[PDB]
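Secondary and tertiary structure notes
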Amino acid sequence: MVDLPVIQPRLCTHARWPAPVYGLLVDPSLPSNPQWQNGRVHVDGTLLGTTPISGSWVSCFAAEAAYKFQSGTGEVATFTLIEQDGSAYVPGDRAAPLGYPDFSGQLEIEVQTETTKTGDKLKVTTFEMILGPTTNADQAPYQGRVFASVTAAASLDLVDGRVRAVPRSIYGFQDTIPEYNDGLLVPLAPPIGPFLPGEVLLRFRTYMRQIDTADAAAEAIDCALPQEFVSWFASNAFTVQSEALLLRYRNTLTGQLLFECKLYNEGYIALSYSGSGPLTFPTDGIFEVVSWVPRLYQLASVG
Amino acid sequence: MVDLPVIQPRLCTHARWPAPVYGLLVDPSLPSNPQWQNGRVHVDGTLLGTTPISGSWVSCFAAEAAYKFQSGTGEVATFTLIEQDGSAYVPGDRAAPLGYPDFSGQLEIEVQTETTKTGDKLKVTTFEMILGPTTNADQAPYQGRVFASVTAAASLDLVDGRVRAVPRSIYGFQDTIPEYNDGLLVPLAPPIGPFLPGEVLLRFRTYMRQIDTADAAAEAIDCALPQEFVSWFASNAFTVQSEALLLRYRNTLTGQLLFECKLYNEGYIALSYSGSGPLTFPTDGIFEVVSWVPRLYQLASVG
Amino acid sequence: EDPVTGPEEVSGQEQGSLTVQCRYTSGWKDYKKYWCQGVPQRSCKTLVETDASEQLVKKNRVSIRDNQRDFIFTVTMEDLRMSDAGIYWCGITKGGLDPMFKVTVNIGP
Amino acid sequence: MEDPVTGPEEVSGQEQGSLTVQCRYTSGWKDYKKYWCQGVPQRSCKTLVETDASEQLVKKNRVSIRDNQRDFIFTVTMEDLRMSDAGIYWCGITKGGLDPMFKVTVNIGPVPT
Ligand SMILES: [Cl-]
Ligand SMILES: [Cl-]
Ligand SMILES: [Mg+2]
Ligand SMILES: [Mg+2]
Ligand SMILES: [Mg+2]
Ligand SMILES: [Mg+2]
Ligand SMILES: [Mg+2]
Ligand SMILES: [Mg+2]
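Calculation notes
Residues numbered from 1 in each chain as written, not as in the entry; some residues may be left out. Chains lettered and ligands numbered in written order. Heavy atoms only, no water. Disulfide = S-S within 2.5 Å. UniProt positions renumbered as here; feature names shortened; annotations may be inferred. Helix = DSSP H or I, 4+ residues; strand = E, 2+ residues; numbered from the N terminus. Buried < 20%, exposed > 50% of the residue type's maximum accessible area, 1.4 Å probe, protein only. Axes fitted to C-alpha atoms, helices over the stretch in contact; angles between N-to-C directions. Parallel < 35°, antiparallel > 145°, perpendicular 65-115°, else oblique. Contact = heavy atoms within 4.5 Å. Nonpolar A, V, L, I, M, F, W, Y, C, P; charged D, E, K, R; others polar. Least-squares fit on C-alpha atoms. Donors = N, O, S within 2.8 Å, 3.2 Å for Na, K, Ca; no water. Buried area = accessible area lost by both parts, 1.4 Å probe. Salt bridge = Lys/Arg side-chain N within 4 Å of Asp/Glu carboxyl O. Polar contact = N/O pair within 3.5 Å; in protein donor to acceptor, adjacent residues only side chain to side chain.

Named according to the PDB entry, chain D is CMRF35-like molecule 1 originating from Mus musculus. The title line of the PDB record says "Crystal Structure of the Murine Norovirus VP1 P Domain in complex with the CD300lf Receptor".

Under the PDB entry, the name given to chain C is CMRF35-like molecule 1, and the organism recorded is Mus musculus.

Right, here's the structure in full:
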C-alpha cells in the first residue's frame, strides 16, 4: 500500500536546511544515531520533533519582534516566538516551534524591519543569533523567547512588529542540538535508530551558506529524508503493517539497481555497509517500495 | 484514483516566492489571466514554464559567477546560469532555468563568495539584480547570462566560482514577467485561463520581504497552486479524464463546506464569484476531490 | 575613474528650467548618452537619448546635447512641474550594466 | 565610559610567562558577575573563570579573575602560558539574555633569543 514520490533526490528539498539535496551517502565515521529534530516523520504520517510540513519553515522561525539599542552590543531583538503560520506557539511536547533550527553555531537571520527614520521605511535587516550548543544568551525557543543582535553605532529606530526569520548563513556549525531552554532539557525526538549490525544511516546532504575566516570548505548538513518524503507521509497517512519497508534505489532510465535499503517505520533508511570510509551514491535514482519486511531483514551489502 | 494532498493551505509552500502560503482569496480587480511561469503544472504531472519540483528552487538561480570591480558601479557579477541541481542550462522550450524569478522589480540576492583578503575567506554577499519588466542591463536568463552588482568603494577581491542565488528582498515589485532575453520574446507558459463567465482565479497568497523607503504596506504575490500540489502532480502522473476536477474546500473539524471550485487540468482553480472587490477565505481548510466535470460545469457562486 | 559623474542634487523653480552637466571620461566619447527617470535604477524611464553624436535631441520638456570635445553631455528640463521632483540618472548605453550617475532633482514653487 | 565593558583589543604573551587583562566597566554593572571567556562563536564561548559578583579572587587552572568594584575593573591573569592558549577571548558581564562582552585577541609566541 505504501508508495513513495517518484522524484530523484537531486530534485528534492532538504529537510534541515532550506536548500536542494545535493548528496546521497553513508559515512560510518559520522554520528550513527543523530538526534535531529527536523526531517523526522513516521511512515504512518506522524510528524516528530519540530518537523514542519512545508520546507519553507525549515531552519526559520516567526516571532513578535521587539527592538532596543544597547551600547556595546548594537540593536538587540527580543523574538517572542509564534508558529510560522501566525498561530500562537504553546510550549508542549516538542523542543521549539515547528521548523526551528535543530543544529548549533551562529546563525545570520534576515527579517523584515520597519524604521521611523525619515526617508526610510521598509528594509531587510541581518541579525546575528547564537543557536547553541551552549550559550550565555539564555536562548529559550521552547519557552518562546530568543535574542539576536546586529552591530550598530546607534539605534536603527526599528518599529516592533511581526517577522519571519529566514537563515542567511552559518558560522561555527555543529550538528548537535541547539540551546532550546537555557540549558534545561526539553522534549526531543529520540536519536535516530537503532540499526542492525552492519547497518548505517542513509544521509541526504546539502551545503550551508557559511562564514569562515580561514577555510573555504563547504559546510555539509545531513537529514534522514528529503522534505518531499516528509510531506508525502504526513499527507497519505499510510497504514503500517510491519517494522520496515524494503526499498530499491534504481535508475529509472537504465533499470540498473543501485542498492537495496530498509526504510524503518520510525522514518530513517538503513543500508548494509561494512566499509569504514564514506560511500556516496548517484542522486538521479528513484526509491521504489518492494514490500514490508521485519526489523531483522538482512540487506545485501553495498560497496 | 486522482486526489490531492491532505494539507491546509496555511501549512503549504508558496510556488512563486519561497515562503509560507498566508492567504487564499479571489480578486476580480487583478489581472484575470496572469502569465506566471513558476507554480505552473498540468494535472497529469507536466511541468510548465520554469516551474521546479522543489520549492527551494523557487525564485532562485544557480550560476558560475565571474566577479570584477567597476569604478562608479561597485562589484559587478556576471552569472552564467546553470540548473540548480548543477546540470548545464541549455536554452530550450522555456524562458529560463527552472525556478528563475517570474516577476519584476529589483531583487536582492545572496550568494556564497570566497575572498582572497587575509583574515576573511568565506562570507555571504548581497548583490542587487534588476529583473524587469524592461531594463538597460540586457538581462538574458533565457540565454543563460544575467548581471548583478553591489555598491563598493573598492574591489571585494572575490574568487570566481559557483553560486546559488537566493532572494533576500524585492524593491519596486511588479507582477509581470521579467526581462528573459534582453527585451525579446521567449517560450512562455500560456496565460492562465480560460474561465467561464462568472469564474475567477483562486489565488494562494504570500508576502515578500521588501525594501520601500516610504510605504510599509506588505507586498502580496499570488500563485495558482501551492508547491506541495505542484510536486504532488509531478510525482503521480495521473490520467486526466475531462477538462476539470470538481473540488470542495471544507473545514474538516466542523465539516462546513466553504465553497466548491473547478481545478482545470491546466493547473488553475476557478471559483464562481460576482463581487467586484477581493474575497478572502480561511486558510485552515482542506481541498477534496469530488469528481471529473466538463468545462461547462456551472459552479455555485460564493458570497 | 568613474565613467560618468554629475551633480548629486540640482534645483529648479516651478515653471522654470534647470540644467545638468553629466561629465564622462574620454573613452565613452562614441557611446549613446541618456537622461533617465525614476527607480528602480536600471528599469528607469529614458526621457531623451543621443545617437552617439553631438546632435541635440529633444523630447517633450527635456533636451540633451553631447559635447565630445570636453566630454560633457548637458541635459535641460523646461517648464518644471512639481511632479518632476525625484531621482534621475546620467546614463551611458553599453552592453550589460550601463554607467549611471544618480541625480536628485528638487523643485520649489 | 559609555560601552558597558572594554579591555585591551590585542595582547601578546610568551610561553611559560603570564599576561594580565584589565576589563574596565561602567559603574552600573558593579554587582554583576564578571567572567573571562574563550573561543568563537562569541556567545557560545567557554567560560574559564567567573566571579560571584563580589571582589573575591577566583582561580581555575591557570586563570584568575578579581573584581575591583571601587575602580570598576575586573582583572584577569593567565599564567604559565602555552601556545595553545592563543585565540579569541572575551571580557564578560553575566546578565539575562545577551551579555556585555569585549573581544580580546591573545597572541602567544616562544621566547626569542
Ligand atoms: Cl543554497
Ligand atoms: Cl517570509
Ligand atoms: Mg543561560
Ligand atoms: Mg568552515
Ligand atoms: Mg546596458
Ligand atoms: Mg537591452
Ligand atoms: Mg511598497
Ligand atoms: Mg546572558
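Once the structure has been displayed, the description carries forward.
We now examine the UniProt feature "disulfide bond" in chain D. Residue and element names in this part refer to chain D. Where 2.5 Å serves as the upper bound for a disulfide, the S to S distance of 2.0 Å between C23 and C91 confirms the link that UniProt reports. A residue pair is termed long-range when its members are at least 10 positions apart, and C23 in strand β3 (residues 19–25) and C91 in strand β9 (residues 87–93) qualify at 68 residues. At 2.0 Å, the distance between the sulfur atoms of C37 and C45 falls under 2.5 Å, matching the disulfide given in UniProt. Residues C37 and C45 agree in their burial class; the two are buried.

Turning our eyes to something else, we now look at the UniProt feature "domain: Ig-like V-type" in chain D. Within this structure's numbering, the places UniProt gives as "domain: Ig-like V-type" are residues 2–107 of chain D. With 0% helix and 50% strand, residues 2–107 of chain D has end C-alpha atoms that lie 27 Å from one another.

What follows concerns the packing of helix α1 (residues 227–236) of chain A against helix α1 (residues 227–236) of chain B. The geometry of α1(A) relative to α1(B) is characterised by a closest axis approach of 12 Å and an angle of 85° between their N-to-C directions. Taken together, the axis directions place α1(A) and α1(B) in an arrangement best described as roughly perpendicular. Only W232(B), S235(B) and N236(B) of α1(B) make contact with α1(A), whose side of the interface consists of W232(A), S235(A) and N236(A). Taken together, the residues of the contact of α1(A) with α1(B) sort by class into 2 nonpolar, 4 polar and no charged.

Here we come to the UniProt feature "domain: Ig-like V-type" in chain C. Within the UniProt annotation, "domain: Ig-like V-type" is assigned to residues 1–106 of chain C. Secondary structure content for residues 1–106 of chain C is 0% helix and 50% strand, while the C-alpha to C-alpha distance between its ends is 27 Å.

Further remarks concern the relation of the copies chain A and chain B. When chain A is brought onto chain B, the operation consists of a screw motion whose angular component is 180° and whose axial shift is 0.1 Å, with 0.2 Å RMSD remaining. Look at the turn and shift together and you get a two-fold axis relating the two. With an isologous cut-off of 70% or more, the 100% of interface residues of chain A that recur at the interface of chain B puts this contact in the isologous class.

Below, the discussion takes up the coordination of the magnesium ion (ligand 7). Within the first shell, the magnesium ion (ligand 7) binds the protein through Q210(B) (OE1) and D212(B) (OD), at distances of 2.1 Å. The burial state of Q210(B) is the same as that of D212(B); both residues are buried.

The subject of this paragraph is the interface of chain A and chain B. Contact residues are listed per partner, giving 47 residues for chain A and 47 residues for chain B. Overall, the association of chain A and chain B removes approximately 3700 Å² of surface from exposure, summing both partners, and the carbon and sulfur fraction of that is 54%. Linking chain A with chain B are 2 salt bridges, by the criterion used here. For the interface between chain A and chain B, the tally reads 18 residue pairs in polar contact. Secondary structure elements with two or more residues in the side of chain A that touches chain B: β4 (104–115), β5 (122–132), β8 (161–174) and α1 of chain A. Sorting elements by how many residues they give to the side of chain A that touches chain B places β5(A) first, with 5 residues. Of the residues contributing to the side of chain A that touches chain B, the split by class is 20 nonpolar, 14 polar and 13 charged.

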